[PDB]
2 protein chains.
Amino acid sequence: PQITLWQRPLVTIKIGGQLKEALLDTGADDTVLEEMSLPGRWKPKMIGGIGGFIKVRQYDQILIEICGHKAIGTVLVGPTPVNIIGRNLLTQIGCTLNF
Amino acid sequence: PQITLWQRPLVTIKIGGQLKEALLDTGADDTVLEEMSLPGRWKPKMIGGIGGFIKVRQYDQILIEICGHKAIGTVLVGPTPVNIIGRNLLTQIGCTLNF
């Protein structure tokens with residue numbers, strides 16, 4: 001799908017069997033999800049943006065379905081105000097910017 | 001141009017006669033620029049993302065040339081780690097996401 005930017009580019013994702021909305025964020029190197037329950041092992045980690053830093057848990061090799069195309073990769077979980085799908089997964093679904 | 005996401009989608013902008021590099025950021029409602037010298041009046045303002053908030057000055061109706069397409073709109077200036085071109089201006093240069 002082509003998605004214009006007059007509103008927030010929110011899409012539906014399925015991850016860990018749950019459904020969430022998240023923001024396609026070309027500004028984000030990685031993908032960060034709100035406090036949620038996820039399988040596997042994980043290393044702690046801190047990430048920054050505007051405003052500063054949060055502590056997050058980092059899980060590797062997680063399957064995610066983003067608007068119905070599947071991606072596997074790293075996912076951080078922590079106290080983010082919004083779920084964000086970062087470049088690490090956007091590249092796997094073939095996501096490009098065009099103008 | 002079509003721009004894939006394997007690296008940060010950094011482009012060259014001209015604003016206030018100066019040149020800067022900035023990040024096309026579909027996660028950003030507005031455009032925020034590092035500490036720089038800009039004309040006109042301005043209201044103070046605070047914005048948030050991940051990590052929290054910063055105080056910024058807000059200037060309205062600023063011309064900006066983003067990879068050589070011109071856009072006019074609001075521009076915030078403040079202590080951001082990276083210059084970010086937000087949706088307020090991406091829409092004016094015709095920017096879309098496609099996958």
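Method-wise, the PDB entry is recorded as coming from X-ray crystallography, at a reported resolution of 2.201 Å.

Q: I'm lost on the overall build of chain A in this one. Help?
A: Along chain A, the regular secondary structure elements total one helix and nine strands. Its helices and strands taken in sequence order, chain A reads β-β-β-β-β-β-β-β-α-β from the N to the C terminus. Taken over C-alpha atoms, the radius of gyration comes to 13 Å for chain A, in line with the 13 Å a tight globule of 99 residues would show. In terms of overall dimensions, chain A has a C-alpha envelope of 40 × 30 × 20 Å along the principal axes. Expressed as a percentage of contacts within chain A between residues at least 6 apart in sequence, the contacts between residues at least 24 apart total 47%.

Q: I'm lost on the nonpolar core in this one. Help?
A: Buried together is how nonpolar side chains tend to be arranged in soluble globular proteins. The biggest cluster of nonpolar side chains holds 48 residues, and the ones touching the most others in it are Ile66 of chain A together with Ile66 of chain B. Not counting the four nearest positions on each side in its chain, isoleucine 66 of chain B is found in contact with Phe99 of chain A together with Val11, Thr12, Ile13, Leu24, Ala71, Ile85, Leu89 and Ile93 of chain B.

Q: Would you mind going over the pairing of strand β7 (residues 69-77) of chain A with me for this structure?
A: On a regular strand, one side chain projects to one face of the sheet and the next to the other, so that they alternate. Residues and elements named next belong to chain A. The pairing of strand β4 (residues 32-33) with β7 spans two bridges and is parallel. Paired with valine 32 across the strands is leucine 76, a residue of β7. Note that strand β6 (residues 52-66) and β7 share eight bridges and pair antiparallel. Directly across from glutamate 65, in β7, lies its bridge partner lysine 70. In sequence, β6 turns back onto β7 through a hairpin of two residues, with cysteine 67 there showing a positive phi of about 45 degrees.

Q: Sorry, what's going on with the pattern of salt bridges here?
A: Pairs can form between side chains of opposite charge whenever their charged atoms are close. Residue and element names in this part refer to chain B. According to the stated counting rule, one finds eight salt bridges over all chains in the structure shown. Linking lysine 20 and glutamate 34 is a salt bridge whose minimum nitrogen-to-oxygen distance equals 3.2 Å. Taken together, the residues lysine 20 in strand β3 (residues 18-24) and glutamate 34 in the loop between β4 (32-33) and β5 (43-49) connect sequence positions 14 residues apart. Residue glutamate 34 is classed as partly exposed on the basis of its relative accessible area, which comes to 23%. Two residues, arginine 87 and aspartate 29, come together in a salt bridge whose shortest N-O distance is 3.1 Å. In this pair, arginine 87 is assigned in helix α1 (residues 87-90) and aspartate 29 in the loop between β3 and β4, connecting sequence segments 58 residues apart. Relative accessible area serves as the criterion here: at 9%, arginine 87 is assigned to the buried category. Since its relative accessible area comes to 34%, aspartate 29 is described here as partly exposed.

Q: What's the story with the sheet that holds strand β1 (residues 2-3) of chain B in this structure? I'm lost.
A: Remark on secondary structure: sheet strands pair via backbone hydrogen bonds, oriented parallel or antiparallel. In space, the four strands of this open sheet follow the order β1(A)-β9(B)-β9(A)-β1(B), with antiparallel pairing throughout. Of all the strands in the sheet, the pair left with one neighbour each is β1 (2-3) of chain A together with β1 of chain B. Pairing of β1 of chain A with strand β9 (residues 96-98) of chain B, which is carried by two bridges, proceeds in the antiparallel orientation. Across the sheet, the residue bridging to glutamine 2 of chain A is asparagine 98 of chain B, located in β9 of chain B.

Q: Is there a simple way to think about the packing of aromatic side chains in this case?
A: By convention here, two paired aromatic rings are described through the distance between centres and the angle between planes. Residue and element names in this part refer to chain A. Applying the stated criterion across every chain yields a total of two aromatic pairs over all chains. When the centroid spacing of 6.4 Å and the interplanar angle of 35 degrees are considered together, the rings of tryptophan 42 and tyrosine 59 count as tilted. Of this pair, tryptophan 42 sits in the loop between β4 and β5 (43-49) while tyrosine 59 sits in strand β6, and the two are 17 residues apart along the sequence. When the ring centre of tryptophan 42 is taken as reference, the NZ or CZ atom of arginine 57 above it lies at 5.8 Å.

Q: Just to check I follow, could you spell out the relation of the copies chain B and chain A for this structure?
A: Both copies of the chain are related through a single rotation about an axis accompanied by a shift along the same axis. For the pair chain B and chain A, the superposition axis carries a translation of 0.0 Å, the fit reaches an RMSD of 0.0 Å, and the rotation angle comes to 180 degrees. Classification of the inter-copy transformation places it as that of a two-fold axis. By residue overlap, the copies meet face to face through one surface: 100% of the interface positions of chain B are interface positions in chain A.

Q: Where do I start with the UniProt feature "active site" in chain A in this structure?
A: Here, the residues flagged by UniProt with the feature "active site" are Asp25 of chain A. Looking at where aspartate 25 of chain A falls in the secondary structure, it is placed in the loop between β3 (18-24) and β4. Here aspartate 25 of chain A falls in the buried class, since its relative accessible area comes to 9%. Setting aside residues up to four positions removed in sequence, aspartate 25 of chain A forms contacts with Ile84, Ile85, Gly86, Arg87 and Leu90 of chain A together with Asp25, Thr26 and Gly27 of chain B. Of the polar contacts made by the side chain of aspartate 25 of chain A, one reaches the backbone nitrogen of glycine 27 of chain A; its length is 3.1 Å.

What counts and what doesn't
- Every chain here is numbered from 1 following its written sequence, a scheme that can differ from the numbering in the entry; residues without coordinates are not drawn.
- The naming scheme follows written order: chains are lettered A onward, ligands numbered 1 onward.
- Values throughout apply to the part shown, which belongs to a larger assembly of chains.
- Water and hydrogen atoms were dropped before computing side-chain values, which therefore reflect all heavy atoms in the structure.
- Residues with missing side-chain atoms are left out of burial classes, side-chain pairs and their counts.
- Elements are defined by DSSP. Helices are runs of H or I of four residues or more, strands are runs of E of two residues or more, and each kind is numbered from the N terminus.
- Note that the radius of gyration is over C-alpha atoms, with the globule rule given as 2.2 Å times the number of residues to the power 0.38.
- Pairs of residues are marked as contacts when any of their non-hydrogen atoms sit within 4.5 Å.
- Here the nonpolar core consists of buried residues drawn from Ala, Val, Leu, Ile, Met, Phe, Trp, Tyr and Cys, with membership extended through side-chain atoms lying within 4.5 Å.
- Partly exposed describes any residue whose relative accessible area lies between the buried limit of under 20% and the exposed limit of over 50%, with all areas from a 1.4 Å probe on protein chains only and scaled to the type maximum.
- Should DSSP find at least two bridges between two strands, the strands are regarded as paired.
- What makes a salt bridge here is a side-chain nitrogen of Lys or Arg within 4 Å of a carboxyl oxygen of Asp or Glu, nothing more.
- Aromatic contacts are taken between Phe, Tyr and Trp rings whose centres are within 6.5 Å, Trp giving its six-membered ring; a plane angle under 30 degrees counts as stacked, one over 60 as edge-to-face, and the others as tilted.
- The criterion for a charge sitting over a ring is simple: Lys NZ or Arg CZ within 6 Å of the ring centre, and within 35 degrees of the ring normal.
- Copy-to-copy alignment rests on a least-squares fit of C-alpha positions.
- UniProt positions are given in the numbering used here, feature names are shortened, and annotations may be inferred rather than shown by experiment.
- Think of a polar contact as two N or O atoms within 3.5 Å of one another; within protein, one of them needs to be a possible hydrogen donor and the other a possible acceptor, and neighboring residues in sequence only count if both atoms come from side chains.

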